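Enquirer: Mind looking over this structure? Questions follow.
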Amino acid sequence: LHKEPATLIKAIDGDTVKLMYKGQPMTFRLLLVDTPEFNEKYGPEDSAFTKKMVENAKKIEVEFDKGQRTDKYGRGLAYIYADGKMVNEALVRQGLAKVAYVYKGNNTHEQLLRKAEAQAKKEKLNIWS
Ligand SMILES: Cc1cn([C@H]2C[C@H](OP(=O)(O)O)[C@@H](COP(=O)(O)O)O2)c(=O)[nH]c1=O
Ligand SMILES: [Ca+2]
């Protein structure tokens with residue numbers, strides 16, 4: 001897998017963000033995660049968390065997996081990095097997302113995220129509290 005450049009256009013919610021990628025606006029859906037919706041318990045806190053992480057980054061990167069790069073809604077499916085730190089992993093590690101939507105051939109970081117979920121859950125964070 002390889003990191004590629006992108007720039008923030010706007011934070012949307014916990015697990016989607018609008019980025020510029022190869023010079024075109026795209027909504028990205030974070031691979032391998034699922035955040036509570038805004039109206040749900042922790043929904044505002046998961047939006048805040050992603051928004052801060054992407055709005056504060058000096059450098060946003062996009063990393064596609066080995067499988068499909070866009071979902072059925074036209075969202076890009078990637079791992080997103082903010083100053084070298086994976087947003088997908090960080091949400092999970094903070095108990096603001098669950099590992100979810102694990103499809104074969106787009107699952108390179110599954111075990112990494114599962115480990116982070118186990119630590120969040122051990123720490124009773126947020127959705128595990
Ligand atoms: C994360 C992800 C979601 N999706 C689709 C499946 C779900 O379909 P349905 O809309 O039919 O439920 C939806 C979940 O996204 P949200 O959690 O953003 O709603 O996005 C993929 O197809 N591939 C993926 O890797
Ligand atoms: Ca969601």
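Each chain in the structure tokens gets a letter, A, B and so on, in the order shown; residues start at 1 in every chain, and ligands are counted from 1 in the order they appear.
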If you count only C-alpha atoms and all ligand atoms, which residues end up within 8 Å of ligand 2, as a PyMOL selection string?

Expert: chain A and resi 14-16+33-37

Enquirer: What does the file look like for those residues with N, CA and C atoms, as a short mmCIF file (atom, residue, chain, number, x, y, z; two decimals), in the first residue's frame?

Expert:
data_model
loop_
_atom_site.label_atom_id
_atom_site.label_comp_id
_atom_site.auth_asym_id
_atom_site.auth_seq_id
_atom_site.Cartn_x
_atom_site.Cartn_y
_atom_site.Cartn_z
N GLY A 14 -18.14 11.81 11.31
CA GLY A 14 -17.13 10.95 11.95
C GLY A 14 -16.31 10.16 10.95
N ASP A 15 -16.96 9.64 9.95
CA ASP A 15 -16.24 8.70 9.07
C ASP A 15 -16.32 9.07 7.62
N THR A 16 -16.72 10.31 7.31
CA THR A 16 -16.59 10.87 6.01
C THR A 16 -16.00 12.28 6.02
N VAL A 33 -14.34 1.07 9.28
CA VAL A 33 -14.90 1.69 10.50
C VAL A 33 -16.38 2.03 10.41
N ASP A 34 -17.01 2.19 11.59
CA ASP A 34 -18.34 2.72 11.61
C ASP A 34 -18.51 3.62 12.85
N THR A 35 -18.77 4.90 12.64
CA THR A 35 -19.01 5.86 13.77
C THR A 35 -20.50 6.03 14.01
N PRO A 36 -20.93 6.23 15.27
CA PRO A 36 -22.32 6.65 15.55
C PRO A 36 -22.73 7.88 14.75
N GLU A 37 -23.99 7.94 14.34
CA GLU A 37 -24.50 9.11 13.59
C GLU A 37 -24.72 10.29 14.57
#

Enquirer: If we count only C-alpha atoms and set the cut-off at 12 Å, which residues sit around residue A:107, ignoring sequence neighbours fewer than 2 positions away in its own chain? Please answer as number ranges by chain.

Expert: A: 1, 30-33, 64-68, 77-79, 99-105, 109-114

Enquirer: Go ahead and write the residues just picked, N, CA and C atoms, as a PDB file, in the first residue's frame.

Expert:
ATOM      1  N   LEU A   1       0.869  -1.282   0.000  1.00  0.00           N
ATOM      2  CA  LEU A   1       0.000   0.000   0.000  1.00  0.00           C
ATOM      3  C   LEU A   1       0.846   1.248   0.000  1.00  0.00           C
ATOM      4  N   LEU A  30     -14.043   6.427   5.266  1.00  0.00           N
ATOM      5  CA  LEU A  30     -12.973   5.717   5.986  1.00  0.00           C
ATOM      6  C   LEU A  30     -13.237   4.226   5.934  1.00  0.00           C
ATOM      7  N   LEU A  31     -12.269   3.502   5.415  1.00  0.00           N
ATOM      8  CA  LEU A  31     -12.290   2.046   5.436  1.00  0.00           C
ATOM      9  C   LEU A  31     -12.354   1.487   6.838  1.00  0.00           C
ATOM     10  N   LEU A  32     -13.091   0.384   6.969  1.00  0.00           N
ATOM     11  CA  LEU A  32     -13.001  -0.572   8.052  1.00  0.00           C
ATOM     12  C   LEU A  32     -13.584  -0.017   9.358  1.00  0.00           C
ATOM     13  N   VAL A  33     -14.343   1.071   9.280  1.00  0.00           N
ATOM     14  CA  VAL A  33     -14.905   1.689  10.495  1.00  0.00           C
ATOM     15  C   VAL A  33     -16.377   2.025  10.411  1.00  0.00           C
ATOM     16  N   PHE A  64      -5.253   3.914  -0.513  1.00  0.00           N
ATOM     17  CA  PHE A  64      -6.153   2.913  -0.959  1.00  0.00           C
ATOM     18  C   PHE A  64      -5.631   1.527  -0.593  1.00  0.00           C
ATOM     19  N   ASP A  65      -6.563   0.596  -0.462  1.00  0.00           N
ATOM     20  CA  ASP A  65      -6.244  -0.764  -0.225  1.00  0.00           C
ATOM     21  C   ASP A  65      -6.120  -1.446  -1.614  1.00  0.00           C
ATOM     22  N   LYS A  66      -6.245  -2.745  -1.635  1.00  0.00           N
ATOM     23  CA  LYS A  66      -5.985  -3.557  -2.852  1.00  0.00           C
ATOM     24  C   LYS A  66      -7.258  -3.779  -3.708  1.00  0.00           C
ATOM     25  N   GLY A  67      -8.417  -3.468  -3.112  1.00  0.00           N
ATOM     26  CA  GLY A  67      -9.722  -3.673  -3.666  1.00  0.00           C
ATOM     27  C   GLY A  67     -10.353  -2.385  -4.159  1.00  0.00           C
ATOM     28  N   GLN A  68     -11.669  -2.308  -4.119  1.00  0.00           N
ATOM     29  CA  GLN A  68     -12.407  -1.255  -4.817  1.00  0.00           C
ATOM     30  C   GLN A  68     -12.111   0.053  -4.137  1.00  0.00           C
ATOM     31  N   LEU A  77     -12.972   5.047  -0.925  1.00  0.00           N
ATOM     32  CA  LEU A  77     -12.745   4.191   0.210  1.00  0.00           C
ATOM     33  C   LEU A  77     -11.225   4.113   0.411  1.00  0.00           C
ATOM     34  N   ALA A  78     -10.807   4.662   1.531  1.00  0.00           N
ATOM     35  CA  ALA A  78      -9.391   4.743   1.863  1.00  0.00           C
ATOM     36  C   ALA A  78      -9.122   4.763   3.371  1.00  0.00           C
ATOM     37  N   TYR A  79      -7.839   4.575   3.672  1.00  0.00           N
ATOM     38  CA  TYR A  79      -7.288   4.938   4.929  1.00  0.00           C
ATOM     39  C   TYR A  79      -6.770   6.393   4.805  1.00  0.00           C
ATOM     40  N   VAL A  99     -14.726  -1.226  14.492  1.00  0.00           N
ATOM     41  CA  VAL A  99     -14.305  -1.972  13.299  1.00  0.00           C
ATOM     42  C   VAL A  99     -15.580  -2.568  12.676  1.00  0.00           C
ATOM     43  N   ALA A 100     -15.705  -2.432  11.361  1.00  0.00           N
ATOM     44  CA  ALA A 100     -16.924  -2.661  10.651  1.00  0.00           C
ATOM     45  C   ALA A 100     -16.606  -2.685   9.186  1.00  0.00           C
ATOM     46  N   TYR A 101     -17.493  -3.302   8.430  1.00  0.00           N
ATOM     47  CA  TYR A 101     -17.453  -3.204   6.975  1.00  0.00           C
ATOM     48  C   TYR A 101     -16.127  -3.729   6.416  1.00  0.00           C
ATOM     49  N   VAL A 102     -15.769  -4.923   6.868  1.00  0.00           N
ATOM     50  CA  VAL A 102     -14.562  -5.603   6.541  1.00  0.00           C
ATOM     51  C   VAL A 102     -14.773  -6.525   5.351  1.00  0.00           C
ATOM     52  N   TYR A 103     -14.471  -6.065   4.147  1.00  0.00           N
ATOM     53  CA  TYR A 103     -14.711  -6.838   2.920  1.00  0.00           C
ATOM     54  C   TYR A 103     -13.349  -7.366   2.393  1.00  0.00           C
ATOM     55  N   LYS A 104     -13.318  -8.571   1.808  1.00  0.00           N
ATOM     56  CA  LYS A 104     -12.012  -9.193   1.457  1.00  0.00           C
ATOM     57  C   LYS A 104     -11.334  -8.333   0.443  1.00  0.00           C
ATOM     58  N   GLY A 105     -10.012  -8.263   0.487  1.00  0.00           N
ATOM     59  CA  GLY A 105      -9.268  -7.480  -0.496  1.00  0.00           C
ATOM     60  C   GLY A 105      -9.306  -5.986  -0.309  1.00  0.00           C
ATOM     61  N   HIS A 109      -5.547  -3.383   6.783  1.00  0.00           N
ATOM     62  CA  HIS A 109      -5.274  -2.911   8.179  1.00  0.00           C
ATOM     63  C   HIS A 109      -6.244  -3.410   9.235  1.00  0.00           C
ATOM     64  N   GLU A 110      -6.948  -4.468   8.920  1.00  0.00           N
ATOM     65  CA  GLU A 110      -7.968  -5.029   9.811  1.00  0.00           C
ATOM     66  C   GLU A 110      -7.418  -5.369  11.159  1.00  0.00           C
ATOM     67  N   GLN A 111      -6.343  -6.143  11.130  1.00  0.00           N
ATOM     68  CA  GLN A 111      -5.805  -6.605  12.388  1.00  0.00           C
ATOM     69  C   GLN A 111      -5.264  -5.439  13.245  1.00  0.00           C
ATOM     70  N   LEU A 112      -4.618  -4.442  12.611  1.00  0.00           N
ATOM     71  CA  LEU A 112      -4.188  -3.197  13.285  1.00  0.00           C
ATOM     72  C   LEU A 112      -5.368  -2.510  13.992  1.00  0.00           C
ATOM     73  N   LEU A 113      -6.491  -2.355  13.271  1.00  0.00           N
ATOM     74  CA  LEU A 113      -7.653  -1.679  13.862  1.00  0.00           C
ATOM     75  C   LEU A 113      -8.299  -2.510  14.929  1.00  0.00           C
ATOM     76  N   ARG A 114      -8.331  -3.825  14.733  1.00  0.00           N
ATOM     77  CA  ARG A 114      -8.866  -4.698  15.784  1.00  0.00           C
ATOM     78  C   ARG A 114      -8.076  -4.581  17.080  1.00  0.00           C
TER      79      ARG A 114
END

Enquirer: So which residues touch residue A:96 within 8 Å, counting only C-alpha atoms, skipping near sequence neighbours fewer than 5 positions away, as number ranges by chain?

Expert: A: 35-36, 42, 45-46, 91, 125-127

Enquirer: For the selection just defined, write its residues with C-alpha atoms to a file, as a CSV table (one decimal), in the first residue's frame.

Expert:
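Saved to again_23.csv:
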chain,number,residue,atom,x,y,z
A,35,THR,CA,-19.0,5.9,13.8
A,36,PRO,CA,-22.3,6.6,15.5
A,42,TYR,CA,-21.4,9.9,20.7
A,45,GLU,CA,-18.2,13.7,19.7
A,46,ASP,CA,-17.1,11.5,16.7
A,91,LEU,CA,-11.3,6.8,16.0
A,125,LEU,CA,-13.7,4.4,26.2
A,126,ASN,CA,-16.7,6.3,24.9
A,127,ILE,CA,-18.9,3.7,23.1

Enquirer: Could you please write out, as a ChimeraX atom specification, every residue of stretch 32-104 of chain A that DSSP assigns to alpha helix (DSSP H)?

Expert: /A:43-56,87-93

Enquirer: Save the residues we just selected, N, CA, C and O atoms, as a compact mmCIF listing (two decimals), in the first residue's frame?

Expert:
# COMPACT_ATOMS: atom_id res chain seq x y z
N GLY A 43 -22.32 10.71 18.62
CA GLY A 43 -22.31 11.20 17.24
C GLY A 43 -21.67 12.56 17.17
O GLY A 43 -20.77 12.77 16.36
N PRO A 44 -22.10 13.51 18.04
CA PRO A 44 -21.41 14.79 17.98
C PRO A 44 -19.91 14.68 18.33
O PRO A 44 -19.10 15.39 17.78
N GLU A 45 -19.57 13.83 19.28
CA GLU A 45 -18.18 13.70 19.70
C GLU A 45 -17.35 13.03 18.56
O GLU A 45 -16.21 13.39 18.37
N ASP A 46 -17.95 12.15 17.77
CA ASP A 46 -17.13 11.53 16.68
C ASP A 46 -16.91 12.48 15.51
O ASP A 46 -15.81 12.56 15.02
N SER A 47 -17.89 13.37 15.27
CA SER A 47 -17.71 14.41 14.26
C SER A 47 -16.64 15.37 14.66
O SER A 47 -15.83 15.78 13.82
N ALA A 48 -16.69 15.80 15.93
CA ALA A 48 -15.74 16.75 16.45
C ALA A 48 -14.35 16.20 16.36
O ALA A 48 -13.42 16.90 15.98
N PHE A 49 -14.20 14.93 16.70
CA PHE A 49 -12.91 14.31 16.75
C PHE A 49 -12.23 14.25 15.36
O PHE A 49 -11.10 14.71 15.18
N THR A 50 -12.94 13.71 14.39
CA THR A 50 -12.44 13.68 13.00
C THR A 50 -12.18 15.11 12.41
O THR A 50 -11.20 15.35 11.68
N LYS A 51 -13.10 16.02 12.68
CA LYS A 51 -13.02 17.36 12.14
C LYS A 51 -11.72 18.00 12.65
O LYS A 51 -10.99 18.60 11.90
N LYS A 52 -11.48 17.89 13.94
CA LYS A 52 -10.29 18.50 14.54
C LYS A 52 -9.05 17.86 13.99
O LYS A 52 -8.09 18.51 13.68
N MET A 53 -9.08 16.56 13.88
CA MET A 53 -7.93 15.82 13.38
C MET A 53 -7.63 16.22 11.93
O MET A 53 -6.47 16.45 11.58
N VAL A 54 -8.65 16.38 11.09
CA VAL A 54 -8.35 16.74 9.69
C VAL A 54 -8.09 18.23 9.51
O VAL A 54 -7.31 18.57 8.65
N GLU A 55 -8.75 19.09 10.30
CA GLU A 55 -8.61 20.56 10.15
C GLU A 55 -7.28 21.01 10.71
O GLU A 55 -6.73 21.97 10.24
N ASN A 56 -6.73 20.27 11.66
CA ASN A 56 -5.47 20.61 12.24
C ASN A 56 -4.29 20.05 11.47
O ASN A 56 -3.16 20.47 11.71
N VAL A 87 -6.36 8.40 10.68
CA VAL A 87 -7.68 8.78 11.26
C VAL A 87 -8.51 7.51 11.60
O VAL A 87 -9.15 7.43 12.65
N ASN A 88 -8.61 6.57 10.66
CA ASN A 88 -9.39 5.35 10.91
C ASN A 88 -9.01 4.65 12.27
O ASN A 88 -9.89 4.28 13.03
N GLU A 89 -7.72 4.41 12.48
CA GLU A 89 -7.18 3.81 13.64
C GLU A 89 -7.45 4.63 14.87
O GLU A 89 -7.84 4.09 15.87
N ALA A 90 -7.25 5.92 14.77
CA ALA A 90 -7.44 6.86 15.94
C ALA A 90 -8.88 6.90 16.45
O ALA A 90 -9.10 6.90 17.65
N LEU A 91 -9.86 7.01 15.57
CA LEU A 91 -11.25 6.83 15.97
C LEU A 91 -11.49 5.58 16.73
O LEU A 91 -12.15 5.56 17.74
N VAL A 92 -10.99 4.47 16.23
CA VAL A 92 -11.25 3.19 16.89
C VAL A 92 -10.55 3.17 18.28
O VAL A 92 -11.10 2.73 19.26
N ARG A 93 -9.34 3.69 18.32
CA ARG A 93 -8.55 3.58 19.51
C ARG A 93 -9.17 4.39 20.60
O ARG A 93 -9.01 4.04 21.77

Enquirer: Given the choices A:129, A:119, A:27, A:94, which gets closest to ligand 1 if the distance is worked out from only C-alpha atoms and all ligand atoms?

Expert: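 Among the listed residues, A:27 lies closest to ligand 1.
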
Enquirer: If you count only C-alpha atoms, which residues fall within 8 Å of residue A:59, apart from same-chain ones fewer than 5 positions away, as a ChimeraX atom specification?

Expert: /A:5-7,81-84

Enquirer: Which residue out of A:117, A:123, A:40, A:13 has the minimum interatomic distance to ligand 1 when only C-alpha atoms and all ligand atoms are used?

Expert: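 Nearest to ligand 1: A:13.
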
Enquirer: What is the atom CA of residue A:26-atom CA of residue A:80 distance in Å, reported with one decimal?

Expert: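 Distance between the two atoms: 12.9 Å.
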
Enquirer: Enter the distance from atom CA of residue A:4 to atom CA of residue A:63, in Å, rounded to one decimal.

Expert: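 Taking atom CA of residue A:4 as the start and atom CA of residue A:63 as the end point, the length is 6.2 Å.
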
Enquirer: Go through A:76, A:71, A:97, A:115 one by one, measure the shortest atom-to-atom distance of each to ligand 1 using only C-alpha atoms and all ligand atoms, and give the residue with the smallest value.

Expert: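 Under the stated criterion, the closest residue is A:71.
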